[PDB]
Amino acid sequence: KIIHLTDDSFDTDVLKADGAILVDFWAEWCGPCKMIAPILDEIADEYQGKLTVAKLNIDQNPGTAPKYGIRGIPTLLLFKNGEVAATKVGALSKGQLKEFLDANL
């Protein structure tokens, strides 16, 4: 139930959307990314009512990440009305995310 993004659908899917949207900037080669990946499926399913989870593979979509100064992956960006509300880097845990979410939502 996760939104799979692209550079061209970003502005409209994330910035011009209602509600909080958590974006995961990841890559196939990154280790921590492949780690927090399963966690996201659950999170996307649990908060299925008050949050949308979206992934952006930075190799297929090389234009967006730079606009946010991505310096490490996976990078989690929380958007609220087209702006970055909260941001955390690194493969957080199923519970660390829950905290970050509940605390920022």
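In this text, residue numbers run from 1 along the sequence as written.
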Average Cα temperature factor in the PDB entry - higher stretch of 60-68, 36-44
36-44
Tell me which of 45-53 and 74-82 has the higher mean C-alpha B-factor in the deposited entry.
45-53
Sort the modelled residues of this chain by their C-alpha B factor and say whether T87 lands in the lowest, middle or highest third.
middle
Divide the modelled residues of the chain into thirds by Cα B-factor and specify which third, lowest, middle or highest, holds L5.
lowest
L15: C-alpha B-factor third of its chain, per the entry, is the middle
With respect to C-alpha B-factor, does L97 fall in the lowest, middle or highest third of the chain as deposited?
highest
